[PDB]
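Have a look at coords.pdb; it's PDB, C-alpha atoms and all ligand atoms:
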ATOM      1  CA  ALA A   1    -132.049 120.879  22.852
ATOM      2  CA  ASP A   2    -134.818 119.952  25.278
ATOM      3  CA  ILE A   3    -134.527 116.206  24.647
ATOM      4  CA  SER A   4    -131.231 114.390  25.068
ATOM      5  CA  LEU A   5    -130.779 110.789  23.962
ATOM      6  CA  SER A   6    -127.860 108.408  24.490
ATOM      7  CA  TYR A   7    -127.166 105.858  21.736
ATOM      8  CA  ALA A   8    -125.121 102.795  22.718
ATOM      9  CA  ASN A   9    -123.324 100.768  20.060
ATOM     10  CA  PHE A  10    -121.079  97.778  20.687
ATOM     11  CA  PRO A  11    -118.672  97.648  17.696
ATOM     12  CA  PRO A  12    -115.807 100.054  16.918
ATOM     13  CA  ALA A  13    -116.559 103.558  15.579
ATOM     14  CA  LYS A  14    -115.295 102.856  12.052
ATOM     15  CA  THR A  15    -117.693  99.958  11.447
ATOM     16  CA  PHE A  16    -121.016 100.243   9.644
ATOM     17  CA  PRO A  17    -123.372  99.975  12.670
ATOM     18  CA  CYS A  18    -121.637 103.009  14.183
ATOM     19  CA  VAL A  19    -121.300 104.925  10.930
ATOM     20  CA  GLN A  20    -125.027 104.683  10.326
ATOM     21  CA  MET A  21    -125.619 105.697  13.964
ATOM     22  CA  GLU A  22    -123.755 108.979  13.357
ATOM     23  CA  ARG A  23    -125.718 109.687  10.172
ATOM     24  CA  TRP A  24    -128.966 108.984  12.005
ATOM     25  CA  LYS A  25    -127.910 111.451  14.711
ATOM     26  CA  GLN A  26    -127.167 114.075  12.074
ATOM     27  CA  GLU A  27    -130.604 113.714  10.496
ATOM     28  CA  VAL A  28    -132.461 113.640  13.813
ATOM     29  CA  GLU A  29    -130.794 116.813  15.108
ATOM     30  CA  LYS A  30    -131.370 118.580  11.791
ATOM     31  CA  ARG A  31    -134.979 117.505  11.227
ATOM     32  CA  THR A  32    -136.031 118.366  14.786
ATOM     33  CA  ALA A  33    -134.482 121.828  14.456
ATOM     34  CA  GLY A  34    -132.203 121.088  17.350
ATOM     35  CA  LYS A  35    -134.986 120.067  19.742
ATOM     36  CA  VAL A  36    -133.311 116.667  20.084
ATOM     37  CA  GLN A  37    -129.634 116.037  20.698
ATOM     38  CA  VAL A  38    -128.017 112.588  20.521
ATOM     39  CA  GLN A  39    -124.841 111.499  22.321
ATOM     40  CA  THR A  40    -123.227 108.468  20.726
ATOM     41  CA  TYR A  41    -121.209 105.767  22.437
ATOM     42  CA  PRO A  42    -119.408 103.595  19.856
ATOM     43  CA  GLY A  43    -117.118 100.783  20.892
ATOM     44  CA  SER A  44    -119.036  99.592  23.922
ATOM     45  CA  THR A  45    -118.333 102.733  25.942
ATOM     46  CA  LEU A  46    -121.806 102.798  27.498
ATOM     47  CA  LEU A  47    -123.306  99.366  26.758
ATOM     48  CA  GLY A  48    -121.635  96.482  24.945
ATOM     49  CA  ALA A  49    -122.531  93.042  23.627
ATOM     50  CA  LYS A  50    -123.281  91.726  27.116
ATOM     51  CA  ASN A  51    -125.766  94.346  28.231
ATOM     52  CA  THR A  52    -127.311  96.326  25.367
ATOM     53  CA  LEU A  53    -130.731  94.615  25.573
ATOM     54  CA  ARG A  54    -131.067  94.809  29.308
ATOM     55  CA  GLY A  55    -129.359  98.178  29.413
ATOM     56  CA  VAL A  56    -131.778  99.782  27.013
ATOM     57  CA  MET A  57    -134.742  98.114  28.778
ATOM     58  CA  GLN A  58    -133.513  99.612  32.046
ATOM     59  CA  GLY A  59    -132.850 103.042  30.526
ATOM     60  CA  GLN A  60    -129.081 102.955  31.030
ATOM     61  CA  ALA A  61    -129.073 104.036  27.409
ATOM     62  CA  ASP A  62    -132.015 105.453  25.497
ATOM     63  CA  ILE A  63    -131.083 103.644  22.290
ATOM     64  CA  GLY A  64    -128.941 100.665  21.424
ATOM     65  CA  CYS A  65    -127.777  98.462  18.530
ATOM     66  CA  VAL A  66    -128.482  94.744  18.632
ATOM     67  CA  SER A  67    -126.939  92.032  16.452
ATOM     68  CA  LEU A  68    -129.778  89.523  16.510
ATOM     69  CA  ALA A  69    -127.598  86.477  15.817
ATOM     70  CA  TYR A  70    -125.786  86.978  19.140
ATOM     71  CA  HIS A  71    -129.029  86.233  21.052
ATOM     72  CA  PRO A  72    -130.414  82.874  19.908
ATOM     73  CA  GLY A  73    -133.968  82.317  21.019
ATOM     74  CA  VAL A  74    -134.655  85.976  21.719
ATOM     75  CA  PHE A  75    -135.776  86.820  18.139
ATOM     76  CA  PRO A  76    -137.640  83.801  16.773
ATOM     77  CA  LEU A  77    -139.178  85.737  13.880
ATOM     78  CA  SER A  78    -136.508  88.230  12.831
ATOM     79  CA  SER A  79    -133.732  85.635  13.150
ATOM     80  CA  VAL A  80    -135.019  84.251   9.828
ATOM     81  CA  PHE A  81    -132.656  86.810   8.308
ATOM     82  CA  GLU A  82    -129.635  84.889   9.678
ATOM     83  CA  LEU A  83    -130.345  81.980   7.328
ATOM     84  CA  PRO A  84    -129.000  81.382   3.815
ATOM     85  CA  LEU A  85    -131.917  82.875   1.909
ATOM     86  CA  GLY A  86    -130.245  84.112  -1.246
ATOM     87  CA  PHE A  87    -129.854  87.834  -0.500
ATOM     88  CA  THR A  88    -127.072  89.343  -2.603
ATOM     89  CA  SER A  89    -126.680  92.817  -1.098
ATOM     90  CA  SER A  90    -126.946  94.744   2.153
ATOM     91  CA  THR A  91    -129.471  97.087   0.560
ATOM     92  CA  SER A  92    -131.964  94.393  -0.357
ATOM     93  CA  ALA A  93    -131.557  92.489   2.884
ATOM     94  CA  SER A  94    -131.889  95.675   4.953
ATOM     95  CA  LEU A  95    -135.067  96.803   3.247
ATOM     96  CA  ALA A  96    -136.561  93.293   3.270
ATOM     97  CA  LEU A  97    -135.816  93.003   7.002
ATOM     98  CA  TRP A  98    -137.503  96.338   7.785
ATOM     99  CA  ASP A  99    -140.527  95.384   5.681
ATOM    100  CA  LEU A 100    -140.810  91.995   7.370
ATOM    101  CA  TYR A 101    -140.650  93.626  10.796
ATOM    102  CA  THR A 102    -143.239  96.233   9.836
ATOM    103  CA  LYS A 103    -145.577  93.539   8.539
ATOM    104  CA  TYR A 104    -145.315  91.122  11.448
ATOM    105  CA  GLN A 105    -144.730  93.434  14.435
ATOM    106  CA  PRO A 106    -143.275  90.462  16.286
ATOM    107  CA  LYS A 107    -143.669  90.366  20.033
ATOM    108  CA  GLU A 108    -139.935  89.763  20.446
ATOM    109  CA  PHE A 109    -139.648  93.558  20.196
ATOM    110  CA  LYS A 110    -142.662  94.445  22.326
ATOM    111  CA  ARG A 111    -140.586  96.066  25.094
ATOM    112  CA  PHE A 112    -138.984  98.565  22.716
ATOM    113  CA  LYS A 113    -139.602 101.083  20.013
ATOM    114  CA  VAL A 114    -137.831  99.666  16.968
ATOM    115  CA  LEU A 115    -136.239 102.748  15.378
ATOM    116  CA  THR A 116    -134.738 100.979  12.347
ATOM    117  CA  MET A 117    -133.276  97.659  11.221
ATOM    118  CA  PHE A 118    -130.588  96.717   8.747
ATOM    119  CA  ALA A 119    -128.305  93.895   7.655
ATOM    120  CA  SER A 120    -124.660  93.345   6.861
ATOM    121  CA  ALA A 121    -123.443  92.553   3.357
ATOM    122  CA  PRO A 122    -123.516  88.855   2.562
ATOM    123  CA  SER A 123    -120.857  86.449   3.790
ATOM    124  CA  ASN A 124    -118.461  85.167   1.158
ATOM    125  CA  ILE A 125    -115.372  82.953   1.017
ATOM    126  CA  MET A 126    -112.018  84.716   0.763
ATOM    127  CA  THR A 127    -109.006  82.455   0.330
ATOM    128  CA  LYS A 128    -105.285  82.097  -0.418
ATOM    129  CA  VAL A 129    -105.901  79.603  -3.197
ATOM    130  CA  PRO A 130    -108.892  79.820  -5.550
ATOM    131  CA  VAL A 131    -112.124  78.075  -4.564
ATOM    132  CA  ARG A 132    -113.739  77.539  -7.968
ATOM    133  CA  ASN A 133    -115.945  74.589  -7.057
ATOM    134  CA  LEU A 134    -117.128  72.474  -4.168
ATOM    135  CA  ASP A 135    -114.277  70.011  -4.474
ATOM    136  CA  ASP A 136    -111.913  72.902  -3.690
ATOM    137  CA  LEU A 137    -113.615  73.290  -0.267
ATOM    138  CA  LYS A 138    -113.043  69.685   0.801
ATOM    139  CA  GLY A 139    -110.912  69.700   3.912
ATOM    140  CA  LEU A 140    -110.160  73.405   3.498
ATOM    141  CA  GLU A 141    -109.415  75.189   6.771
ATOM    142  CA  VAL A 142    -111.485  78.416   6.913
ATOM    143  CA  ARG A 143    -111.990  80.892   9.737
ATOM    144  CA  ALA A 144    -115.628  80.965  10.745
ATOM    145  CA  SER A 145    -118.041  80.837  13.642
ATOM    146  CA  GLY A 146    -121.749  80.355  14.277
ATOM    147  CA  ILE A 147    -123.909  79.500  11.277
ATOM    148  CA  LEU A 148    -121.061  79.940   8.805
ATOM    149  CA  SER A 149    -119.111  77.179  10.563
ATOM    150  CA  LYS A 150    -122.157  74.930  10.309
ATOM    151  CA  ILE A 151    -122.364  75.687   6.593
ATOM    152  CA  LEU A 152    -118.682  74.928   6.064
ATOM    153  CA  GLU A 153    -119.005  71.620   7.915
ATOM    154  CA  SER A 154    -121.959  70.699   5.689
ATOM    155  CA  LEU A 155    -119.829  71.413   2.601
ATOM    156  CA  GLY A 156    -117.003  69.176   3.790
ATOM    157  CA  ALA A 157    -114.689  72.042   4.762
ATOM    158  CA  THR A 158    -112.929  72.551   8.102
ATOM    159  CA  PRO A 159    -114.217  75.573  10.032
ATOM    160  CA  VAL A 160    -111.773  76.986  12.549
ATOM    161  CA  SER A 161    -112.617  79.531  15.235
ATOM    162  CA  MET A 162    -109.955  82.059  16.118
ATOM    163  CA  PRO A 163    -109.657  85.760  16.838
ATOM    164  CA  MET A 164    -109.676  88.095  13.853
ATOM    165  CA  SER A 165    -106.342  89.407  15.206
ATOM    166  CA  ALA A 166    -104.697  85.950  14.991
ATOM    167  CA  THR A 167    -106.035  85.173  11.531
ATOM    168  CA  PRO A 168    -103.338  86.901   9.442
ATOM    169  CA  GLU A 169    -100.576  84.811  11.038
ATOM    170  CA  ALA A 170    -102.781  81.727  10.916
ATOM    171  CA  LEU A 171    -103.313  82.297   7.200
ATOM    172  CA  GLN A 172     -99.585  82.665   6.587
ATOM    173  CA  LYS A 173     -98.880  79.459   8.527
ATOM    174  CA  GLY A 174    -101.679  77.581   6.776
ATOM    175  CA  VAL A 175    -103.580  77.077  10.041
ATOM    176  CA  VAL A 176    -106.478  78.527   8.108
ATOM    177  CA  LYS A 177    -106.378  79.132   4.374
ATOM    178  CA  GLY A 178    -109.175  81.696   4.179
ATOM    179  CA  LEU A 179    -112.113  83.244   5.964
ATOM    180  CA  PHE A 180    -115.883  83.427   5.697
ATOM    181  CA  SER A 181    -117.023  87.007   6.128
ATOM    182  CA  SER A 182    -118.226  90.030   4.211
ATOM    183  CA  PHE A 183    -115.901  91.492   1.577
ATOM    184  CA  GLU A 184    -115.216  94.760   3.407
ATOM    185  CA  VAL A 185    -112.520  92.977   5.447
ATOM    186  CA  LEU A 186    -110.387  92.726   2.303
ATOM    187  CA  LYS A 187    -109.529  96.414   2.702
ATOM    188  CA  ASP A 188    -110.609  97.257   6.261
ATOM    189  CA  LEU A 189    -108.415  94.525   7.757
ATOM    190  CA  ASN A 190    -106.095  94.176   4.743
ATOM    191  CA  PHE A 191    -107.053  90.536   4.222
ATOM    192  CA  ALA A 192    -106.590  91.034   0.476
ATOM    193  CA  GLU A 193    -102.810  91.037   0.941
ATOM    194  CA  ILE A 194    -103.039  87.353   1.764
ATOM    195  CA  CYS A 195    -106.371  86.193   0.301
ATOM    196  CA  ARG A 196    -106.504  87.230  -3.320
ATOM    197  CA  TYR A 197    -109.297  84.909  -4.487
ATOM    198  CA  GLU A 198    -112.784  85.917  -3.496
ATOM    199  CA  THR A 199    -115.633  83.467  -4.104
ATOM    200  CA  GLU A 200    -119.028  85.155  -4.048
ATOM    201  CA  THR A 201    -121.329  82.619  -2.444
ATOM    202  CA  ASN A 202    -123.729  85.256  -1.029
ATOM    203  CA  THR A 203    -124.314  82.904   1.844
ATOM    204  CA  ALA A 204    -126.173  84.832   4.542
ATOM    205  CA  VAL A 205    -126.304  88.234   6.225
ATOM    206  CA  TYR A 206    -126.372  89.377   9.856
ATOM    207  CA  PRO A 207    -129.497  91.312  10.859
ATOM    208  CA  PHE A 208    -129.481  94.210  13.337
ATOM    209  CA  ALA A 209    -132.118  96.202  15.182
ATOM    210  CA  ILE A 210    -131.903  99.699  16.618
ATOM    211  CA  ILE A 211    -134.041  99.698  19.758
ATOM    212  CA  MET A 212    -135.239 102.510  21.995
ATOM    213  CA  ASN A 213    -136.344 102.400  25.632
ATOM    214  CA  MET A 214    -140.132 102.657  25.828
ATOM    215  CA  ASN A 215    -140.168 105.352  28.513
ATOM    216  CA  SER A 216    -137.774 107.382  26.380
ATOM    217  CA  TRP A 217    -139.999 106.899  23.307
ATOM    218  CA  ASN A 218    -143.133 107.763  25.276
ATOM    219  CA  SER A 219    -141.576 111.067  26.352
ATOM    220  CA  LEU A 220    -141.164 112.337  22.790
ATOM    221  CA  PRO A 221    -143.657 114.881  21.409
ATOM    222  CA  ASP A 222    -145.686 113.766  18.390
ATOM    223  CA  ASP A 223    -143.688 115.856  15.909
ATOM    224  CA  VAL A 224    -140.451 114.267  17.100
ATOM    225  CA  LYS A 225    -142.036 110.785  16.943
ATOM    226  CA  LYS A 226    -142.977 111.475  13.344
ATOM    227  CA  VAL A 227    -139.378 112.349  12.478
ATOM    228  CA  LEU A 228    -138.118 109.137  14.046
ATOM    229  CA  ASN A 229    -140.890 107.061  12.505
ATOM    230  CA  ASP A 230    -140.181 108.438   9.042
ATOM    231  CA  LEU A 231    -136.492 107.634   9.476
ATOM    232  CA  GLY A 232    -137.143 103.926  10.057
ATOM    233  CA  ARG A 233    -137.363 102.838   6.432
ATOM    234  CA  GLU A 234    -135.025 105.610   5.285
ATOM    235  CA  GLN A 235    -132.290 104.534   7.678
ATOM    236  CA  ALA A 236    -132.642 100.871   6.699
ATOM    237  CA  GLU A 237    -132.073 101.896   3.049
ATOM    238  CA  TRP A 238    -129.321 104.373   3.863
ATOM    239  CA  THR A 239    -127.380 101.800   5.858
ATOM    240  CA  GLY A 240    -127.662  99.094   3.236
ATOM    241  CA  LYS A 241    -126.577 101.464   0.506
ATOM    242  CA  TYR A 242    -123.656 102.676   2.590
ATOM    243  CA  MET A 243    -122.555  99.104   3.239
ATOM    244  CA  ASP A 244    -122.860  98.009  -0.401
ATOM    245  CA  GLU A 245    -120.830 101.037  -1.502
ATOM    246  CA  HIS A 246    -118.285 100.322   1.234
ATOM    247  CA  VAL A 247    -117.944  96.779  -0.147
ATOM    248  CA  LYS A 248    -117.591  98.163  -3.652
ATOM    249  CA  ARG A 249    -114.763 100.438  -2.476
ATOM    250  CA  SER A 250    -113.072  97.567  -0.616
ATOM    251  CA  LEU A 251    -113.059  95.399  -3.715
ATOM    252  CA  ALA A 252    -111.859  98.160  -6.041
ATOM    253  CA  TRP A 253    -109.032  99.001  -3.606
ATOM    254  CA  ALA A 254    -108.045  95.340  -3.337
ATOM    255  CA  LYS A 255    -108.168  94.833  -7.107
ATOM    256  CA  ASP A 256    -105.996  97.909  -7.696
ATOM    257  CA  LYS A 257    -103.449  96.943  -5.048
ATOM    258  CA  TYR A 258    -103.275  93.149  -5.226
ATOM    259  CA  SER A 259    -105.135  92.116  -8.404
ATOM    260  CA  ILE A 260    -107.680  90.047  -6.534
ATOM    261  CA  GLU A 261    -109.973  87.822  -8.571
ATOM    262  CA  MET A 262    -113.734  87.520  -8.126
ATOM    263  CA  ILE A 263    -115.067  84.000  -8.563
ATOM    264  CA  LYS A 264    -118.558  82.508  -8.899
ATOM    265  CA  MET A 265    -119.256  78.812  -8.523
ATOM    266  CA  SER A 266    -121.392  76.955 -11.071
ATOM    267  CA  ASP A 267    -125.155  76.906 -10.840
ATOM    268  CA  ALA A 268    -124.970  73.205 -10.051
ATOM    269  CA  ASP A 269    -122.592  73.844  -7.147
ATOM    270  CA  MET A 270    -124.836  76.642  -5.839
ATOM    271  CA  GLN A 271    -127.811  74.254  -5.838
ATOM    272  CA  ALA A 272    -125.762  71.621  -4.011
ATOM    273  CA  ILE A 273    -124.951  74.223  -1.366
ATOM    274  CA  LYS A 274    -128.683  74.924  -0.968
ATOM    275  CA  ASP A 275    -129.518  71.243  -0.669
ATOM    276  CA  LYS A 276    -126.784  70.689   1.906
ATOM    277  CA  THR A 277    -127.829  73.659   4.015
ATOM    278  CA  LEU A 278    -131.597  73.017   3.981
ATOM    279  CA  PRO A 279    -131.326  71.491   7.513
ATOM    280  CA  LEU A 280    -130.421  74.960   8.884
ATOM    281  CA  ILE A 281    -133.728  76.262   7.541
ATOM    282  CA  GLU A 282    -135.575  73.262   8.950
ATOM    283  CA  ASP A 283    -133.973  73.882  12.389
ATOM    284  CA  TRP A 284    -135.073  77.489  12.260
ATOM    285  CA  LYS A 285    -138.632  76.499  11.342
ATOM    286  CA  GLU A 286    -138.865  74.134  14.338
ATOM    287  CA  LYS A 287    -137.543  76.878  16.594
ATOM    288  CA  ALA A 288    -140.073  79.327  15.197
ATOM    289  CA  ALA A 289    -142.930  76.856  15.671
ATOM    290  CA  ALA A 290    -141.902  76.351  19.297
ATOM    291  CA  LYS A 291    -142.357  80.083  19.854
ATOM    292  CA  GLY A 292    -145.674  80.326  17.947
ATOM    293  CA  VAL A 293    -144.250  81.673  14.689
ATOM    294  CA  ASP A 294    -145.545  80.409  11.306
ATOM    295  CA  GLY A 295    -142.090  79.669   9.878
ATOM    296  CA  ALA A 296    -143.188  78.594   6.401
ATOM    297  CA  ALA A 297    -145.330  81.715   6.056
ATOM    298  CA  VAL A 298    -142.441  83.930   7.119
ATOM    299  CA  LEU A 299    -140.017  82.246   4.684
ATOM    300  CA  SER A 300    -142.484  82.742   1.836
ATOM    301  CA  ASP A 301    -142.830  86.395   2.691
ATOM    302  CA  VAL A 302    -139.046  86.816   2.881
ATOM    303  CA  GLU A 303    -138.596  85.486  -0.672
ATOM    304  CA  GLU A 304    -141.325  87.817  -1.911
ATOM    305  CA  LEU A 305    -139.422  90.724  -0.334
ATOM    306  CA  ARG A 306    -136.096  89.527  -1.776
ATOM    307  CA  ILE A 307    -137.554  89.554  -5.283
ATOM    308  CA  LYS A 308    -139.076  92.997  -4.653
ATOM    309  CA  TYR A 309    -135.650  94.480  -3.880
ATOM    310  CA  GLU A 310    -133.385  92.338  -6.082
ATOM    311  CA  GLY A 311    -135.429  90.523  -8.666
ATOM    312  CA  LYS A 312    -133.198  89.553 -11.630
ATOM    313  CA  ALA A 313    -135.933  88.181 -13.883
ATOM    314  CA  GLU A 314    -136.210  90.177 -17.104
ATOM    315  CA  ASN A 315    -139.165  92.465 -17.774
ATOM    316  CA  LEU A 316    -142.360  90.608 -18.833
ATOM    317  CA  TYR A 317    -142.148  92.438 -22.145
ATOM    318  CA  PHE A 318    -139.186  90.323 -23.213
ATOM    319  CA  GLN A 319    -140.254  86.958 -21.778
TER
HETATM  320 CL    CL A 401    -125.657 110.848  27.264
END

I'd like the structure from this file rewritten - as structure tokens, please.
Amino acid sequence: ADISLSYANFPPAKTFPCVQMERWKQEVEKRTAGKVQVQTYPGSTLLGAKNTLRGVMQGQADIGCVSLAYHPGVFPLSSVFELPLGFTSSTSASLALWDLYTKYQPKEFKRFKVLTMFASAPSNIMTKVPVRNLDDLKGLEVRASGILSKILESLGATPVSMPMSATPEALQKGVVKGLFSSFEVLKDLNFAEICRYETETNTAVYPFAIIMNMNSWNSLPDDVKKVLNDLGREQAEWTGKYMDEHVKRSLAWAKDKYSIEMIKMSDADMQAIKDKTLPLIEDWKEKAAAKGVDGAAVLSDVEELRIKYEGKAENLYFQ
């Protein structure tokens, strides 16, 4: 190759942000006929959580993976995708996020080439004892942090912060009685052994951006830029599909091994959750306004994109 790019990624190799990174590498090397090579650095071996943004800006790495939620205030527009907005899959959230970015071109990313974006699967409640309604959450100790803790507090539950590593013992001791995370942990971290009741609240996702140093981007010939540009939407879709299938495999494994049960709360309970969490949306809108973003316009557009990628309404023909 004549062009060599380093790709920093903070989480462990086995996790979805790194898995998609490797697939992206494969497609870039193939589609450029070997003109570009990519060296990957999973698990914070080049840049980690503390220095991916600055590190990419400085060229310490050519490319890096950012979890937007870890940098409050830095992404006033794209952070909308941290909120409880009703997304029910990684695929739909990933594609909606990419579309929103492409539409708005927010200045929060002006220092970088944004190579792709994607989102986690939605956060759900996984517990030792079934949570079938909101009364079941009252006073319930659940491992959570950030916005998910805020949501639990608003629902009358008891969010507890603690390291993922300490959570198994904590669960067994009753220090927490479940966790608020995406379903892949049921298999990947064997949480299904302990938490065999999974309540699908589809609460929120975590959005990510793959960013590239502008000098590095500038250096690429036009044919290479086209390859990377074309991969933006493709990689958003690929990552979401990978993640949704990875969740599907987690759940099937857990059902086969421990007979886990999938639970949905009533429509009335789901509306109560919305009503109780509306302040988080209002907070975000004030934050957006303070940085010159039209928060209501963005939220409207997000729902339009959600329906585009998920819509459950029946065909007009049958209405
Ligand atoms: Cl390198």

With only C-alpha atoms and all ligand atoms counted and 9 Å as the cut-off, give the residues of chain A in contact with ligand CL 401 (chain A), each with its shortest interatomic distance in Å and the pair that gives it, as JSON lines.
{"residue": "A:4", "atom": "CA", "partner": "A:CL401", "partner_atom": "CL", "distance": 7.0}
{"residue": "A:5", "atom": "CA", "partner": "A:CL401", "partner_atom": "CL", "distance": 6.1}
{"residue": "A:6", "atom": "CA", "partner": "A:CL401", "partner_atom": "CL", "distance": 4.3}
{"residue": "A:7", "atom": "CA", "partner": "A:CL401", "partner_atom": "CL", "distance": 7.6}
{"residue": "A:38", "atom": "CA", "partner": "A:CL401", "partner_atom": "CL", "distance": 7.4}
{"residue": "A:39", "atom": "CA", "partner": "A:CL401", "partner_atom": "CL", "distance": 5.1}
{"residue": "A:40", "atom": "CA", "partner": "A:CL401", "partner_atom": "CL", "distance": 7.4}
{"residue": "A:41", "atom": "CA", "partner": "A:CL401", "partner_atom": "CL", "distance": 8.3}
{"residue": "A:46", "atom": "CA", "partner": "A:CL401", "partner_atom": "CL", "distance": 8.9}
{"residue": "A:61", "atom": "CA", "partner": "A:CL401", "partner_atom": "CL", "distance": 7.6}
{"residue": "A:62", "atom": "CA", "partner": "A:CL401", "partner_atom": "CL", "distance": 8.5}

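Summary of the local environment: counting all atoms listed in the file, residues at most 8 Å from segment 161-178 of chain A, other than itself and those fewer than 3 positions away along its chain, are residues 125, 126, 127, 128, 129, 140, 141, 142, 143, 144, 145, 191, 194 and 195 of chain A.
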
* Would you kindly translate the PyMOL selection byres (((chain A and resi 227-238) around 7) and not hetatm) into the concrete residues it picks from this file, as a VMD selection string? => chain A and resid 31 91 94 to 95 98 115 to 118 223 to 226 239 to 242

* To do: Could you tell me which of A:112, A:120, A:97, A:181 comes closest to residue 53 of chain A if we count all atoms listed in the file?
  => A:112

* Asked: What's the 10 Å shell around residue 307 of chain A, counting all atoms listed in the file, without same-chain residues fewer than 4 positions away, as JSON, numbers by chain?
  -> {"A": [86, 87, 92, 96, 302, 303, 311, 312, 313]}

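In this comparison, which uses all atoms listed in the file, the residue of A:78, A:42, A:265, A:271 approaching residue 130 of chain A most closely is A:265.
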
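With all atoms listed in the file as the basis for measurement, A:119 is the residue among A:3, A:69, A:33, A:119 that approaches residue 20 of chain A most closely.
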
* Selected residue, from A:99, A:198, A:135, A:82, that lies nearest to residue 269 of chain A when counting only C-alpha atoms ->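 Selected residue with least distance to residue 269 of chain A: A:135.
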
* Residues selected by the PyMOL selection byres (((chain A and resi 298) around 12) and not hetatm), written as an MDAnalysis selection string -> chainID A and resid 76:81 85 96:97 99:101 103:104 106 281 284:285 288:289 292:297 299:305

* Asked: Got a sec to resolve the PyMOL selection byres (((chain A and resi 16) around 9) and not hetatm) on this structure and send the residues as a PyMOL selection string?
  -> chain A and resi 11-15+17-21+120+239+242-243+246

* Which residue out of A:65, A:8, A:84, A:37 has the minimum interatomic distance to residue 282 of chain A when only C-alpha atoms are used? ->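 When distances to residue 282 of chain A are compared using only C-alpha atoms, the smallest one comes from A:84.
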
* To do: Find the residue from A:90, A:202, A:187, A:36 that sits nearest to residue 252 of chain A; use only C-alpha atoms when measuring.
  => A:187

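The space between atom CA of residue 9 of chain A and atom CA of residue 44 of chain A spans 5.9 Å.
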
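Distance-wise, atom CA of residue 249 of chain A and atom CA of residue 184 of chain A end up 8.2 Å apart.
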
* Could you work out how far atom CA of residue 205 of chain A lies from atom CA of residue 257 of chain A, giving the answer in Å with one decimal? -> 26.9 Å
